[PDB]
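K.L.:
below you'll find the sequence and an experimental structure to go with it.
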Amino acid sequence: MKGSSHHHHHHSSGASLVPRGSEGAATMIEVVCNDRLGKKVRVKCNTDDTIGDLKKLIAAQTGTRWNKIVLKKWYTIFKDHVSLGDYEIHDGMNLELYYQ
């Protein structure tokens, strides 16, 4: 008695030229994914994009799998339901990049 998986669908889309960040806060901040390759990895994202969305990019930038990217800070685990707006991530925040 056991299963796995549920559904597979996405609902995202990027719009060129921020159409005014009214109500829905969407600020741009640079993140630094500290990899274990030696060289750091920076990426551009907005607070509107959650860790998941971010991870996706990272995996897109690095080439890894969005499902193979873990963002940790000191001793804090980042969920896929917590955005940057919650972590108040600052433009240039160094986070521990880890691969599953």
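P.N.:
Sure thing, it's come through. Numbers count the residues shown, from 1 in each chain.

K.L.:
what's the closest non-adjacent residue to the residue nearest the centre of the chain?
P.N.:
Centroid-nearest residue in the chain, with Cα atoms, centre = their mean: residue 54, separated by 2.2 Å. Nearest non-adjacent residue to residue 54, counting by Cβ to Cβ, 6 or more residues apart in numbering: residue 45, 4.9 Å away. Where you see a C-beta, it was placed from the backbone N, CA and C, and this is true even at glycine.

K.L.:
ok so, going back, doesn't the residue nearest to the centre of the chain lie inside a helix?
P.N.:
Yes - assessed with DSSP: H, G, I helix; E, B strand; the rest coil, residue 54 lies in a helix.

K.L.:
enumerate every residue touching it.
P.N.:
31, 43, 45, 71, 84 (Cβ atoms under 8 Å, 6 or more residues apart in numbering).

K.L.:
that older thread, okay, now the sheet partners of the helix or strand where the residue nearest to residue 54 lies, with direction.
P.N.:
Taking DSSP states H and E as the definition, one finds residue 45 inside strand 41-46. Sheet pairing of strand 41-46 (DSSP bridges) gives strand 28-34 (antiparallel).

K.L.:
mind listing residues that contact the partner strand?
P.N.:
So strand 28-34 is contacted by 18, 40-47, 54, 58, 62, 69, 71, 84, 89-97 (Cβ under 8 Å, 6+ apart).

K.L.:
do that again at 10 Å, thanks
P.N.:
The contact list for strand 28-34 (Cβ atoms under 10 Å, 6 or more residues apart in numbering) reads 18, 21, 40-49, 51, 54-55, 57-58, 61-62, 64, 69, 71-72, 84-85, 88-98.
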